[PDB]
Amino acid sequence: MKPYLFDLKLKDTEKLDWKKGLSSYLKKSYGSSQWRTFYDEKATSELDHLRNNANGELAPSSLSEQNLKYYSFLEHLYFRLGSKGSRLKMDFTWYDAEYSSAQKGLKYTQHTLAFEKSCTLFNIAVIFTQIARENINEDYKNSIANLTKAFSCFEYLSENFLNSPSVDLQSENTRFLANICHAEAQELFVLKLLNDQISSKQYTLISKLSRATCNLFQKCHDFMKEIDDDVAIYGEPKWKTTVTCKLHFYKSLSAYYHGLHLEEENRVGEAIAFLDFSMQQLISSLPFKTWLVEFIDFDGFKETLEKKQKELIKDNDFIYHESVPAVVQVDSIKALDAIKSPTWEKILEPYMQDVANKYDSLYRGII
């Protein structure tokens, strides 16, 4: 099976002149004969460059680095100025992410540090998903780790910024994005074990992990259900059908593996009941397979189930006379969530020290 990852969009921003903006503030705060004393030309020049590099053509990991460093600058500035940060009157200007259903050039200008911070962190989260996409070539280890961090960033955004002028930062939309990243991270974890000759035999394990994958996509499904307008859903219209397909597909995969376990425990008939359920779920996913036909061999899996379903039935109708439960216990399979997200605070922490030292003089000049 080939992994199918959603392509998230970055928010664009207008070039901001920190040099002109900071000197102007200073010239207005102190006389034209005093302001230069409070200005750090070198640091301010480097800062202006840093912001441009956090929004340019750098490769994913390097682009991420620029953004984490720039956020650090902002966080320390906020620790020192707080809501007074708006007095700088910096014209922070950001555009809404461009998917399809969204606008084609909707932008806002706001002076609060929270606006500049939230938008930057939104891009940091997106960049983590881009790094995961780019490294989807290894054993999934790196991609899982990066999707996990994306999850953490979107989660912090949904819980910490509540009245953003941008649709991208609405609490319910960042929560949706966080749930997408968590679901994908779990999904890649399952795919990984299925590549391990040894782990691919731990039927019980795969089953539990698969159930968790299903439950996670169920969250995204539920969010997009409250809205029946395909052109009204937040992200890409194409995502709705794929999320629905995945939820049924992983539920099917879960039942299948639990069945292989039941057969291992010589509990045929009970196993046949679960293979029965598995087939049902797989069929339920078919109408939504549109974009995954080249990533998941749907027809091959249908054959694998029927094939196994046969064997169990044959060696039972006249050899292992056992009843077959009408409706198996769905909660018989206990989901296992393998993704432990770190705090945004811990992700940012490694970058805070160097930034505080480099910009101390710049900060002191403001206060």
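We number the residues from 1 along the sequence you see.
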| item | value |
| --- | --- |
| Entry-level comparison of average CA B-factors, 99 to 107 and 236 to 244, reporting the higher stretch | 99 to 107 |
| Greater mean Cα temperature factor according to the PDB record, 109 to 117 or 223 to 231 | 223 to 231 |
| Top residue by Cα temperature factor, when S72, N135, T148, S252 are compared in the entry | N135 |
| Member of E306, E46, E65, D337 with the greatest C-alpha B factor (per the PDB record) | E306 |
| Chain-relative CA temperature factor third for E264 | highest |
| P287 by Cα B-factor - lowest, middle or highest third of the modelled chain | middle |
| Ranked C-alpha temperature factor of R51 among modelled chain residues, by third | lowest |
| Chain third (lowest, middle, highest) by recorded CA B-factor, residue given as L362 | middle |
| Cα B factor band for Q218 (lowest, middle or highest third within the chain) | middle |
